[PDB]
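**Student:** Numbering (PDB author numbering) for the sequence shown: 1 to 125.
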Amino acid sequence: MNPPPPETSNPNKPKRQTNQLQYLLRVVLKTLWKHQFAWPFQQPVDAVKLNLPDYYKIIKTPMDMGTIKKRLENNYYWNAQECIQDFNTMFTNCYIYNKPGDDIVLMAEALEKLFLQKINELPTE
Ligand SMILES: CC(=O)c1c(C)[nH]c(-c2nc3cc(N)ccc3[nH]2)c1-c1ccccc1
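1. When the distance is taken between beta carbons, is residue 5 closer than 8 angstroms to residue 53?
2. Report yes if the C-beta of residue 104 is less than 7 angstroms from at least one heavy atom of ligand 1; otherwise report no.
3. Below 7 angstroms, is the gap between the Cβ of residue 28 and the nearest heavy atom of ligand 1?
4. Based on Cα-Cα distance, which residue from 41, 66, 113, 84 lies nearest to residue 122?
5. Out of curiosity, what's the CA-to-CA distance linking residue 8 and residue 105?
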């Protein structure tokens with residue numbers, strides 16, 4: 001069964017736009033999104049659809065690129081580091097839930113390397 005997906009707005013939380021956050025949407029997210037291995041990560045895990053009934057029994061901080069994209073579009077983040085942490089949670093969740101060598105893990109590993117390449121250099125203020 002599915003929990004509610006992660007919030008993409010929160011009126012208590014202050015919003016911000018920065019050059020680095022703009023870059024994380026326009027270049028980092030939008031490039032990863034087109035990668036051949038992006039599809040498992042483009043939306044919250046649907047434990048019923050994907051027949052992973054234990055997914056949210058194991059993963060307690062779910063994250064996915066659909067959520068990240070919406071957060072960036074909504075100026076939900078205060079800074080780039082917060083957004084980068086969401087990407088890192090997404091990757092680490094995949095490694096936690098699965099096992100080394102699994103096809104889905106090979107997919108996450110290729111995306112993570114590409115992500116690291118793209119955030120190696122970020123715009124300045
Ligand atoms: C094929 C299979 O049996 C799978 C296993 C052992 N694991 C995942 C799987 N584990 C994940 C963890 C996170 N955190 C995010 C996405 C993940 N997909 C899938 C899978 C199921 C349906 C479609 C694609 C892959």
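In this text, a Cβ means the ideal position worked out from N, Cα and C, and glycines have one as well.
**Tutor:** Straight from the coordinates:
1. No, these two residues do not count as a Cβ contact at 8 angstroms.
2. The answer is yes for residue 104.
3. Not one heavy atom of ligand 1 sits closer than 7 angstroms to the Cβ of residue 28.
4. Nearest C-alpha to residue 122: 84.
5. Rounded to the nearest angstrom, the gap between the Cα atoms of residue 8 and residue 105 is 26 angstroms.
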